[PDB]
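A quick write-up on the structure given underneath.
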Amino acid sequence: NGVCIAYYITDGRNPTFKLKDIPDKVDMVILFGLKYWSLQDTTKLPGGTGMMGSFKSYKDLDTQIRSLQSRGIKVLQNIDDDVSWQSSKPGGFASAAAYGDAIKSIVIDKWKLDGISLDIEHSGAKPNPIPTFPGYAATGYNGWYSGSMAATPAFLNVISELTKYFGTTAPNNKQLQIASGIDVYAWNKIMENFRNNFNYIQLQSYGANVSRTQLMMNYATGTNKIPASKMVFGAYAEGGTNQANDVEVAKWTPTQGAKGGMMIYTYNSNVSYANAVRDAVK
């Protein structure tokens, strides 16, 4: 009985399925598409347009978030890694600490959200040297995803600071999750430093079958030393074609033991598909 984490992409797709319509048996919802700077300054992106396409206004967004929270559903904000994370001025702020304070201020202090999920896969400087990727048998991936970036000290500093406000060692039960892949350059170092801080570690195993997710588990647990209970696999509801496999993975218990659960990308993209995966994991 793992967790069921729902991504709700805020681009206005399937508009009749509102954020507040997330059904029961869904533990958390991650606002995706919408950017943290929009939460920071609500005047730049008009409601009902772009990444606010799913809401009539910011008041509508705010009201719907509370509807979910009062039902006991945790609402998290997605935050993408960025090349500025490899710089001394992450997110334009003066330091990683300033950046950390800023995210806490916007996500927690202002919007009263339950945490953040880091989508780690964006471009930036690659590691030097580039290690030889372990390969498919060892990880469930063929090689490096060349569009990702190195977890340089500056990059790790950002996550370290976020760790003071989000995650297992931070106060006020705030979620800190990561959505990435073993094929992302930054993966290994992120895990060496913060695996224990993440409540959940999501693998973007979209379209995988149990065999493949098990290869991932072997590595995540054995080599990255990640507790099996934090592992969450990705159900690509948006694709609408891998439901049977996703359901198998949802009900599946890795050889390493009970996994954390499943995340659905995106719940609002295909509700029937999402409901099926939710049912399977619950």
Side-chain angles (χ1 to χ4, degrees), residues 7 9 11 30 32-33 35-37 51 78-92 96 99 116-160 162 176-195 198 200-209 211-226 230-239 241-242 245-246 249 263-266 269:
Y7 272 79
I9 189 163
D11 63 6
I30 169 174
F32 191 82
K35 303 297 190 291
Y36 72 79
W37 46 88
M51 288 310 182
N78 175 75
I79 290 184
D80 298 320
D81 64 338
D82 182 75
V83 64
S84 71
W85 286 25
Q86 293 184 145
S87 86
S88 57
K89 301 202 166 171
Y99 175 89
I116 55 179
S117 183
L118 316 180
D119 187 345
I120 304 290
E121 60 173 285
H122 305 88
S123 72
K126 290 182 179 165
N128 168 223
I130 298 184
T132 289
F133 192 72
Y136 190 81
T139 69
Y141 297 85
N142 276 313
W144 297 118
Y145 162 53
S146 73
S148 54
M149 79 185 87
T152 62
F155 181 106
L156 294 172
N157 282 348
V158 171
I159 296 176
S160 179
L162 288 174
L176 175 69
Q177 297 186 196
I178 169 168
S180 192
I182 298 166
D183 61 344
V184 165
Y185 301 118
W187 182 267
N188 291 353
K189 277 173 203 195
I190 286 175
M191 293 318 296
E192 294 162 32
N193 286 281
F194 313 114
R195 60 190 188 276
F198 298 111
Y200 293 100
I201 290 157
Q202 313 157 214
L203 276 176
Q204 296 181 223
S205 52
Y206 302 138
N209 66 179
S211 283
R212 182 171 178 227
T213 54
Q214 180 63 80
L215 296 183
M216 293 179 173
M217 276 298 289
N218 298 334
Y219 198 85
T221 55
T223 304
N224 292 309
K225 294 177 85 146
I226 306 165
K230 289 177 191 278
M231 299 307 294
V232 171
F233 290 91
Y236 195 49
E238 178 181 71
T241 58
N242 206 53
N245 272 317
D246 287 358
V249 173
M263 56 85 3
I264 301 158
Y265 188 90
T266 248
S269 280

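Atoms considered below: every heavy atom in the structure, side chains included; atoms not considered: hydrogens, waters and symmetry mates. Numbering starts at 1 and runs along the sequence shown.
With hydrogens and angles disregarded, no donor-acceptor distance shorter than 3.5 Å links the side chain of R195 to the backbone of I190. At distances below 3.5 Å, at least one donor-acceptor pair connects side-chain atoms of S205 with backbone N or O atoms of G234. In this structure, the side chain of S160 does not engage the main chain of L156 through any donor-acceptor pair within 3.5 Å. Side-chain N or O atoms of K35 include one that pairs as donor or acceptor with a backbone N or O of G33 at under 3.5 Å. With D81 contributing its side chain and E121 its backbone, the two residues share a donor-acceptor pair below 3.5 Å. Side chain of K230 to backbone of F198: a donor-acceptor contact under 3.5 angstrom is found.
At a threshold of 4.5 Å between non-hydrogen side-chain atoms, the residues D80 and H122 count as touching. Side chains of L118 and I159 form a contact here, defined as non-hydrogen atoms less than 4.5 Å apart. Inter-residue side-chain proximity for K89 and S84 is flagged as unmet; no heavy-atom pair is nearer than 4.5 Å. At a threshold of 4.5 Å between non-hydrogen side-chain atoms, the residues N242 and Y236 do not count as touching. Between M51 and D11 the shortest side-chain heavy-atom distance falls below 4.5 Å. Using a 4.5 Å cut-off on side-chain heavy atoms (C-beta onward), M149 and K126 make no contact.
Between the OG1 atom in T266 and the OH atom in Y7 there is a gap of 8.5 Å [rounded to 0.5 Å]. Taken from CE in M231 to CG in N224, the straight-line distance is 8.0 Å, to the nearest 0.5 Å. Once rounded to the nearest 0.5 Å, the distance linking CG of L203 with OG of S180 reads 8.0 Å. In this structure, CE in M191 is found 10.0 Å from CG in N193, a value given to the nearest 0.5 Å. Between the CZ atom of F233 and the CZ atom of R212 there is a distance of 10.0 Å, given to the nearest 0.5 Å. Residue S148 holds its OG atom at 10.0 Å from CD1 of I120, rounded to the nearest 0.5 Å.
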*Residues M263, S117; criterion side-chain contact (heavy atoms from CB on, under 4.5 Å); working and verdict*: CA-CA 11 Å; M263 56 85 3; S117 183; over 6 Å; no
_Intermediate values then yes/no, side-chain contact (heavy atoms from CB on, under 4.5 Å), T139 and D183_ = CA-CA 8 Å; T139 69; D183 61 344; over 6 Å; no
_Checking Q177 against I201 for the side-chain contact (heavy atoms from CB on, under 4.5 Å) test, could you report, in this order, the C-alpha distance in whole Å, the side-chain angles of both residues, the deciding distance, and whether it holds?_
CA-CA 6 Å; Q177 297 186 196; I201 290 157; over 6 Å; no
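Heavy atoms only, all atoms of each residue included: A150 and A186 are closest at C-CB, 4.3 Å. Of all heavy-atom pairs spanning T213 and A208, the tightest one is CG2-CB, 3.8 Å. Between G143 and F133, the shortest heavy-atom distance links the atoms CA-CD2, 3.3 Å. Taking all atoms of both residues into account, the shortest heavy-atom contact from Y219 to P134 is OH-CG, 3.5 Å.
Note: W85 and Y99 have perpendicular aromatic rings, judged against thresholds of 30 and 60 degrees for the angle between ring planes. Ring planes of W144 and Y185: tilted class, angle from 30 to 60°.
Judged purely by distance below 3.5 Å, without hydrogens or angles, the side chains of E192 and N188 never pair a donor atom with an acceptor atom. Side-chain N/O atoms of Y145 and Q204 include no donor and acceptor closer than 3.5 Å.
Aromatic pair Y265/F32: centroids less than 6.0 angstrom apart.
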